[PDB]
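Data block below; observations after.
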Amino acid sequence: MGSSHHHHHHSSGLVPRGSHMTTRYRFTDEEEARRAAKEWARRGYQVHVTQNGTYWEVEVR
Numbered sequence: 001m002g003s004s005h006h007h008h009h010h011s012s013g014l015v016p017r018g019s020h021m022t023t024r025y026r027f028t029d030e031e032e033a034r035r036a037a038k039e040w041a042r043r044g045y046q047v048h049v050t051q052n053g054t055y056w057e058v059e060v061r
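Using the authors' numbering, the first residue of the sequence shown is number 1, and each one after it goes up by one.
Spelled out as structure tokens, the structure:
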């Protein structure tokens with residue numbers, strides 16, 4: 001026999017966060033690569049369409 005008649009409590013309060021740069025957009029279709037380049041251009045970002053191979057990428061700077 002034994003009564004825990006004074007239990008204790010605390011109060012934890014924090015905010016976590018997740019973030020990362022380097023947003024690599026790559027397209028297989030030429031028109032989707034040109035649309036992305038034009039969409040980011042309208043957004044005011046400096047872009048470069050890199051035809052690396054069979055897939056045409058869009059550098060977002």
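For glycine and all other residues, C-beta sits at the position ideal for the given N, C-alpha and C.
Enumerate in chain order the residues of its own chain whose CB-to-CB distance from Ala33 is below 8 Å, with the five nearest sequence positions on each side excluded.
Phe27, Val49, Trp56, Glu57 and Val58
Would you mind reading off the limits of the alpha helix (DSSP H) that contains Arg43?
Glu30 to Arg43
Where does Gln46 sit, in a helix, a strand or coil, going by DSSP?
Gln46 carries a coil assignment under DSSP once its states are collapsed to helix, strand and coil.
Beta strand (DSSP E) containing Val58: first to last residue?
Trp56 to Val60
Given that a residue counts as buried once 16 or more other Cβ atoms are within 10 Å of its Cβ, and exposed if not, what is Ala41?
exposed
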